[PDB]
Amino acid sequence: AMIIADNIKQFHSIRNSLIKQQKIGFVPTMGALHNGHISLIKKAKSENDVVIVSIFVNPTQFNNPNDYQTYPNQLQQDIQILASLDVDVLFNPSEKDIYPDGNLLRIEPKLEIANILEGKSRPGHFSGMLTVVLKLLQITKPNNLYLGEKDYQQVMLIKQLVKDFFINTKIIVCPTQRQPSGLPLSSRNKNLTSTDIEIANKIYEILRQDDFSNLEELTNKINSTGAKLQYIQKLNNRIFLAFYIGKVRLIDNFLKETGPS
Amino acid sequence: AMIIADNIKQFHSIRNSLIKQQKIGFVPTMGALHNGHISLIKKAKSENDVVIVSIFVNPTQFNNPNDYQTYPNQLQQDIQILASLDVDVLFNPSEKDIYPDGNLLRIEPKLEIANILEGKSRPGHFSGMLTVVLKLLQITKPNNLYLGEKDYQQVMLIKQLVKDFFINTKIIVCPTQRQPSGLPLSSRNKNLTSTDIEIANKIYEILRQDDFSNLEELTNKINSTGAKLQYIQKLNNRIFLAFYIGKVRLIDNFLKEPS
Ligand SMILES: Nc1ncnc2c1ncn2[C@@H]1O[C@H](COP(=O)(O)OP(=O)(O)NP(=O)(O)O)[C@@H](O)[C@H]1O
Ligand SMILES: Nc1ncnc2c1ncn2[C@@H]1O[C@H](COP(=O)(O)OP(=O)(O)NP(=O)(O)O)[C@@H](O)[C@H]1O
Ligand code: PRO
Ligand code: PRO
Ligand SMILES: [Mg+2]
């Protein structure tokens, strides 16, 4: 019963079948679906008449090519996961349908929140994500859109985007889903070995009780577990970080006062 | 009968009060209307049930400050003109309206056609225009967009923009309106002096005979008029050129065989 639009043409026909009198939620993803994804969907299903999920791994937002090839995909499973949530439409285009001409027109952010943290760390990542998210919104024309708090600046950036471009959509920000350790669910977590999860869980032991008072000391702890701490910083009440375990790269942010978990 | 909407909110309630059975044409402009502009509008009135003209001078497209200070305002004369055309809606917003938070998000082109001609001589300009046109379209949501062939690159660029961003609007291209001399109707012309105006026509009488076989010579000819030629080239079947007369900056493009 879930419909699958494999290309834009299919999706357009579906999309122009629905009335305006009714509510369309949209959850975009790169697939390899986990409990975090699933939470956004559920919430979408609670608030809307039609739920659209897209799965596209957008090339232009990967600054790291090996990351791009390394990126997990299991579509047949994602479809099964998606159909067991009674998702109405899976939009699953190819690069060729999103970028018929290649990437010739791009959103380039100039803001402070764009030059820090994830923005400094992955150059061009934000441009790419902003370009695809604009295109996805234009295609899906949703009433409601669901985003994880996990990628915080992503949310800010998309909030500005829909404002600046006069896109009529509510943005709902969903809380980050975590493991008991406090470790946030991530698709790239599939790529980490048993040895790494050990480290990862160690890191979160450290984070779970720590002051955040002294940041240089914490880096030292985290770097000692074998992961490479990339950035860690305080903004308002909130801590942000990124780090590598092996070749797998993970980000997190949470309220300083409460978290992770 | 013409609604003048000086802000987005006013404009929205107007935009969304309209039926699907009505076709909306849009003619974006920077104001200071001349017959070039009119020609576009006369063509929109003919193909549409509702015509929307906008006047916004977009700061973001200007790569020269004095060009921006220079840029001609006749707002009241423009309202008049737009009224004797029986234009339905005049949308003329302010900067706060269009860039509520400043200019944070930009359309940036990477293609050759944005790296040549007007693109070299006006850095930042194409990104500026693309951003405003995107906003303008996202706001007006029209069926038909009317653009002049005079800004050729821009036309090409807006054609890309529309296709890349999945906006359903037809692009309709309209022929350059000219003075008898062949000089293209232009807003900045209202800045030419009476003698500068005669220099323009000299330049165009020179263009009216050239086989365009030697451009350095055509160049020296143009420059001997007092003008300062910025560039001239053939790409495909056409000439593109731009030049200065004093402070005023003008451009053209046409088939090798400006009538
Ligand atoms: N643990 C999570 N809790 C809540 N939302 C999440 C979580 N993880 C991801 N999301 C959101 O799901 C959407 C898709 O994430 P996704 O695009 O698939 O790529 P990613 O962030 O680079 N790798 P991943 O960690 O799986 O998201 C985004 O809005 C994410 O913020
Ligand atoms: N002489 C002309 N003939 C036909 N169309 C024109 C002419 N001049 C301008 N237009 C078009 O009218 C629309 C608005 O132009 P405009 O906003 O005034 O920017 P512009 O290129 O600086 N125009 P201008 O300064 O008047 O030459 C654009 O699509 C133009 O290409
Ligand atoms: O462009 C993307 O892929 C990001 C990921 C979550 C939704 N938006
Ligand atoms: O209106 C504008 O912003 C310019 C001139 C017409 C098309 N682009
Ligand atoms: Mg994913």
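FYI, residue positions are counted from 1 along the chain as it appears here.
Each Cβ is built from the backbone N, Cα and C atoms, and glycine gets one as well.
Record features (Swiss-Prot):
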- A:30-37, A:148-151, A:185-188: ATP binding site (BINDING)
- A:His37: active site, proton donor (ACT_SITE)
- A:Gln61: beta-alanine binding site (BINDING)
- A:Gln61, A:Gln154: (R)-pantoate binding site (BINDING)
- request: For A:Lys150 (ATP binding site) and A:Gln61 (beta-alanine binding site), determine the Cα separation and express it in whole Å.
  value: 17
Message: Return the count of C-beta atoms lying within 10 angstroms of the C-beta of A:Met30 (ATP binding site), excluding that atom itself.
response: 18
- line: Those recorded positions from A:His37, A:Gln61, A:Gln154 that fall inside 10 A of A:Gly148 (ATP binding site) by CA distance are A:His37, A:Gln154
Field: Neighbourhood of ligand 3 - binding-site residues from A:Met30, A:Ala32, A:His34, A:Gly36, A:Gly148, A:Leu185 with Cβ under 6 Å
entry: A:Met30
- prompt: Quick one: Cα separation, A:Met30 (ATP binding site) versus the residue listed as 'active site, proton donor', in Å?
  reply: 10
Task: For A:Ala32 (ATP binding site), name the DSSP secondary structure in the helix/strand/coil scheme.
output: coil
Query: By a simple count of other Cβ atoms within 10 Å, which of A:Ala32, A:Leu185, the binding-site residues in the record, is least packed?
result: A:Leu185
Task: Report the same-chain neighbours of A:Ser187 (ATP binding site): residues 6+ apart in sequence with Cβ closer than 8 Å to its Cβ, ordered by sequence.
output: A:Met30, A:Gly31, A:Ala32, A:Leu33, A:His34, A:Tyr71, A:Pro72
Task: List those of the recorded positions A:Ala32, A:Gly36, A:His37 whose Cβ lies under 6 Å from any atom of ligand 5, in sequence order, or write none if there are none.
output: A:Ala32
Euclidean distance between Cα atoms of A:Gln154 ((R)-pantoate binding site) and A:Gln61 (beta-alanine binding site), Å: 12
Message: Given a separation of at least six residues and a C-beta threshold under 8 Å, show me what packs close to A:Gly36 (ATP binding site) in the same chain.
response: A:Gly148, A:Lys150, A:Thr176, A:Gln177, A:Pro184, A:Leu185, A:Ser186
Message: Check the DSSP secondary structure of A:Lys150 (ATP binding site), expressed as helix, strand or coil.
response: coil
Query: Near A:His37 (active site, proton donor), which residues of its own chain have a C-beta under 8 A away, given they sit six or more steps off in sequence?
result: A:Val27, A:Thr29
Field: binding-site residues compared (A:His34, A:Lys150) - the one with the fewest other Cβ atoms within 10 Å
entry: A:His34
Task: Report, as a single number, how many Cβ atoms besides its own are within 10 Å of the Cβ of A:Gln154 ((R)-pantoate binding site).
output: 19
